[PDB]
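Shown below, as structure tokens, is a lone chain in the form deposited without the named molecule; questions about how it binds or moves come after it.
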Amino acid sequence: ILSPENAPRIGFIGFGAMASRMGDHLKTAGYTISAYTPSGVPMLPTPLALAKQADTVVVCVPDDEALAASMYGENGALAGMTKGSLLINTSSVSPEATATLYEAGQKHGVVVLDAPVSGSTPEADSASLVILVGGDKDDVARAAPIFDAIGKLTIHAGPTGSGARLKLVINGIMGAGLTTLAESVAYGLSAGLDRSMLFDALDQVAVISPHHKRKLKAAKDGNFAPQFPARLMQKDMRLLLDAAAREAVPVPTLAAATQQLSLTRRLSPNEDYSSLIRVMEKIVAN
């Protein structure tokens, strides 16, 4: 069991908004934290150097390409870990990248848990993330104190790859929930409804999620400070639509939502993905 007694050193590959917040809760729980970032808590110069001085590695990188850049190659992290140790990938990446990393870990004798999370920076702050993990039950159990420190609930989704897939499911719901809301608000405004009336009325209905009601209140205030930036939301939508095409599942609502989030990312990659509400308001004003 990867308690702070048995494995105190946790090294991060990637240390952005989400990862830095999980690190704080792991530091509080008794772990000693280190990190590597491509740009440059003690910092290590390469992924390999990071892995060579950690008991457990947590990966939090944006996409398949960043995962490959830090996992493999001359300075890659995987070859720096000891056999029997645990690699916990919390990144939102494709099923293909997940399978490649799992198999590379098996060759090196390292068990890779695909453990993406549901929740954004507010949930990371409060350690109320939901961990979505694929792997053998005994390997999930080894990581329990790490998952417990950063989250409020650990869902064992199935074997390797199951966490990645469950994350894609939840991302699609979140993305299309926002584009649905932005489009419906835009119709209402175009049809002459008072803006303050409309935003407040929608807070009162049962057909909007708590997450999206929070986004709607923020959008009433024009507040799109990044909790989950458009560039990352839109990437997650791209991953989901590629996976759904590989499985030959028709998903027209998700596909439409993806195109709306491409427009959102193009106009403002770094503000919150909910900025599409403002985008649609501007379309109907003009």
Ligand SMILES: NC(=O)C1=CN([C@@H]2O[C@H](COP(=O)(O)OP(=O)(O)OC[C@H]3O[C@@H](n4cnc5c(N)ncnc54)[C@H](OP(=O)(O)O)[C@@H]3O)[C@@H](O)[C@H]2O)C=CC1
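One-based numbering along the sequence shown.
Going from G222 to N223, the model skips none of the deposited residues; the chain is continuous there. Averaged over Cα atoms, the B-factor as recorded in the entry is higher for 21 to 29 than for the other of 21 to 29 and 269 to 277.
As recorded in the PDB entry, 73 to 81 is the stretch of 112 to 120 and 73 to 81 with the greater mean C-alpha temperature factor.
Residue-level inspection of the entry shows that, of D203, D194, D125, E183, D125 has the top Cα B-factor.
Per the PDB entry, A141 shows the highest C-alpha temperature factor of the residues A141, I170, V130, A97. Remark: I10 belongs to the highest third of its chain, ranked by C-alpha B-factor as recorded. Split the chain's modelled residues into thirds by C-alpha temperature factor. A285 is in the middle one. Ranked by Cα temperature factor within the chain, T46 sits in the highest third according to the deposited record.
Annotation for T179: C-alpha temperature factor in the lowest third relative to the rest of the modelled chain, per the entry. The deposited CA B-factor of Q260 belongs to the lowest third of values across its chain.
Although not depicted, the form solved in complex with the named molecule is the subject of the following passage.
By the 4.5 Å heavy atom rule, the three marked residues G175, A182 and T264 all fail to count as contacting the named molecule in the deposited bound form. Contact annotation: the named molecule lies within 4.5 Å of heavy atoms from the stretch 226 to 234 in the deposited bound form, the single such stretch among 48 to 56, 226 to 234, 249 to 257, 24 to 32. Under a 4.5 angstroms non-hydrogen atom cutoff, the named molecule in the deposited bound form lacks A244 among its neighbouring residues.
Looking at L101, you'd find every heavy atom of it more than 4.5 angstroms from the named molecule in the deposited bound form. Using a 4.5 angstroms limit between non-hydrogen atoms, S92 touches the named molecule in the deposited bound form. Taking the partner from the other structure, the named molecule in the deposited bound form has no heavy atom within 4.5 Å of any heavy atom of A77.
Checking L113, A164, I150, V117 for any heavy atom within 4.5 Å of the named molecule in the deposited bound form turns up a single hit: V117.
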